[PDB]
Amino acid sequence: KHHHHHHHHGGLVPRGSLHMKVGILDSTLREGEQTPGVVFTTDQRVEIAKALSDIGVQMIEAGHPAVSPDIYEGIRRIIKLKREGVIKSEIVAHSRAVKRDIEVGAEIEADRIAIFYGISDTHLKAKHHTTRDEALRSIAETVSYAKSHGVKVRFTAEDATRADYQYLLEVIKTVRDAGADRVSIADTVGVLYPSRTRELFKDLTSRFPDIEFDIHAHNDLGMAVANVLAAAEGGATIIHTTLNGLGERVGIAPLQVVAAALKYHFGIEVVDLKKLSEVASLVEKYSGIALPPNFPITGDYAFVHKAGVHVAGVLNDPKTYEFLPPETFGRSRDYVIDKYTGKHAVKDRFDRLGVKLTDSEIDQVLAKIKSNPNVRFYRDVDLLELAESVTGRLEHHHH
């Protein structure tokens, strides 16, 4: 059900509402550990990998084993758990285009080796100190070398979204010929525009039908989610994510939001939607970066209503202010009470507390609530005290 292969889809569902394929690669353990201030222990890494396997992630990028001894050891443990059937996702190891990295990737027995290289002109010049042609040779050699160990090879075209497009096409032919079966198109600095992303992937998939494409999208301009969905429309079959929007700088497409947007817009369930909160909370614990309360899907406030008009509507039909039911994600709605509330919301909360107030008493409590501008919420004890102030009586709920 929450399996570890591709999910069939048909693109966007109809307005006012299966030949294509898509799945998740989660990079919490690679991209995600490149977040300033974030490091994971080996045990933490392993615990996260198991959680990602359990919710049905297709691929886990477990790290770049040359980076440090602990990353090597965490990847090894994960591959061992995979070999034992405890973990079921495909395990990907990252690699520079250097023989050493590749040999290490091969020796730990990863399912896939992802070789990256920067193929924009700034990267070729400033980062690699190389020419277009020399880069083509290095990439061909390293991809072939990795292939010859009998492991599947992805090539990541770093800064592809600012690269010369003709060169990008040449890069892809090169790595295809050298044995790569997947190419990741990396929007390294988050500058893709969604409608253009769709076009890009439509073009690439039409040109290279023997290759499957990944989208790796950074959120520098706040459009990572929209870019990954657009890529999927265009035929990308793997979307890279991290839990909680972890990664370099502002991070990449966040798993919980991507998964929800794919459910709503494409009608598919690429991971266990009901377990997003639990996995997000786990990563939050080990990463030490708190999710803001406004984070989509898993955020504290995602299904919390405030304005009186909204709460009144929700009490009649939650769909009025809820894009999908909270239960879709294993959550429940709530509402808060402050000076923005109204009579229906206040009545409903008193009803929950078992306190019967008259219509005019409700008016008086509402007026008292609205008389103070700088109170952030009214807790039940506050509301009980307000009622007492109106009834003169000592005022049953189990929470």
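Numbers for residues come from their place in the sequence shown, where the first is 1.
Count the deposited residues lacking coordinates between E395 and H396 and you get 1 to 3 of them. Per-stretch averaging of Cα B factors for 144-152 and 180-188 places 144-152 on top. Two stretches are in play, 110-118 and 246-254, and the higher mean C-alpha B-factor belongs to 110-118.
Note on the listed residues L324, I215, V225, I87: the highest Cα temperature factor in the record is that of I87.
In this structure the maximum Cα B-factor among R198, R96, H305, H265 is found at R96. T42: CA B factor lies in the highest third for its chain, per the PDB record. Among the modelled residues of its chain, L52 has a C-alpha B-factor that falls in the lowest third, as given in the PDB entry. In this PDB entry, the Cα temperature factor of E73 sits in the top third of its chain's modelled residues, the highest group. Ranked by C-alpha B-factor against the other modelled residues of its chain, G299 falls in the lowest third. In the PDB entry, a CA B factor belonging to the highest third of its chain's modelled residues is recorded for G105.
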